[PDB]
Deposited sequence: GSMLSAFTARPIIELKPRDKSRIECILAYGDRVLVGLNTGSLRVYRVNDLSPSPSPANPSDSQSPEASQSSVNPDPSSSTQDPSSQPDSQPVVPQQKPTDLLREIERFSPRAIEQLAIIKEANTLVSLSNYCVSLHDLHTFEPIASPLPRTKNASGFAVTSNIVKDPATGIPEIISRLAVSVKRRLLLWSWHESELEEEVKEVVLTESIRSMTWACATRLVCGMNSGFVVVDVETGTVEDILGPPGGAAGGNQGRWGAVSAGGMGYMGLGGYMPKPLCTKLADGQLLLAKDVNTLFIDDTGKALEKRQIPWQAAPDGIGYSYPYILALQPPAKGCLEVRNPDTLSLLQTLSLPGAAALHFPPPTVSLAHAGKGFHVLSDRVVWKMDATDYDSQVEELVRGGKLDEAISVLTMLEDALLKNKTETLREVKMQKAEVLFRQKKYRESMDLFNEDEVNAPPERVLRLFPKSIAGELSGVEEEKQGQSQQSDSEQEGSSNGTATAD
């Protein structure tokens, strides 16, 4: 229906290579690949990739998850079922393991600009939240300085997914359902309207929740929205958002990626990515990783997308896409939109 993104492979392991990819991290020019052997490769993205540095025995076991906080110049790694903080550039350990992170399931990182209530000065605040059984551990950086106190919230069930709704609220997903946690006040709220609980952040403080084939739309406060359920045939393995589209990753056996409209819920695009098992997000594209290939998703310019929709006769979809987009991303959103509306009538 639409060529929203173009898929090109930037990293390829060979079929009989003993190493497999477990997670990646892309920041600027660089892509950091964590392997099942504990090694950590660093790639430079050219304009496909050049292997700059391999750190074997970075962690004595597989690297499950990677993140960074740029203010503190810190690399967060989930390995040996614990969490470790390394220097982003020398990769020497700052704190490995991080205290109380033993048997951690995962973590979620955010960093936002917040104003001091007393002085009203913009300050960069960083949040790292780790899931350890039914416990939620919260570290924070104030001006890249890690605070000496760790906040802990105890839940009623084990945490299976963690997605930051905003700078102060975190959506946590368990088996029974989803909850909203206020990291500042430690207050938990129930969300009202083996399958993994999926959650991704949309635009304008909106979030999409998915369990099996059921879906729900909420806001940054965690209140339900009057929206239809997304009509996809099978439950997605993962979900994500790349402005302005919703992305759904089907199980690795199918090896497909769905690009859907958050407004009309129609299937804009389907991409065949064999073995694709995870999505990686930060108007620039995202990444999709298999156990051997890392593809970079390049978004087509939105003017050509709307022209393609108009040429196909999908007028209502072009109107919805145009309404969603910011005006600076189009040559002339106003006149293009009025034109498409006059083509409809």
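According to the record, the deposited residues with no C-alpha atom in the structure span 1-2, 50-97, 244-272, 362-370, 434-502.
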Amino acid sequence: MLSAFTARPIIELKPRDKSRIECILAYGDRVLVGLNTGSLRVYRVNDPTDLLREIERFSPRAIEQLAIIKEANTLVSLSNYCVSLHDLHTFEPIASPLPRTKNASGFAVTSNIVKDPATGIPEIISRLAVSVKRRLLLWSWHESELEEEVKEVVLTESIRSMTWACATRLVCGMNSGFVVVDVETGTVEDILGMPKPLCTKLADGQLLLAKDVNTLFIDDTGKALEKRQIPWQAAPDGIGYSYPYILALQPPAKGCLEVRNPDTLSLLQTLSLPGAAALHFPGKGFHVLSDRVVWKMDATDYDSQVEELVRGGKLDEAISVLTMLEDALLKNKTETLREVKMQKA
From here on, numbers count along this sequence of modelled residues.
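Of the two stretches examined, 212-220 and 113-121, the record assigns the greater average C-alpha temperature factor to 113-121.
In this entry, 145-153 shows the higher mean Cα temperature factor of the pair 145-153 and 158-166. Take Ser131, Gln269, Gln229, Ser266 and read off each C-alpha B-factor from the entry; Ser266 has the highest. When the Cα B-factors of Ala248, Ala203, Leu198, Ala95 are read from the PDB record, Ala95 comes out highest. Among all modelled residues in this chain, the alpha-carbon of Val293 has a temperature factor (C-alpha) in the middle third. Ranked against the other modelled residues of its chain, the C-alpha B-factor of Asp17 as given in the entry falls in the highest third. In the PDB entry, a CA B factor belonging to the highest third of its chain's modelled residues is recorded for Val181. In the PDB entry, a CA B factor belonging to the lowest third of its chain's modelled residues is recorded for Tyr43. Per the PDB record, residue ranking by Cα B-factor puts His89 in the highest third of the chain.
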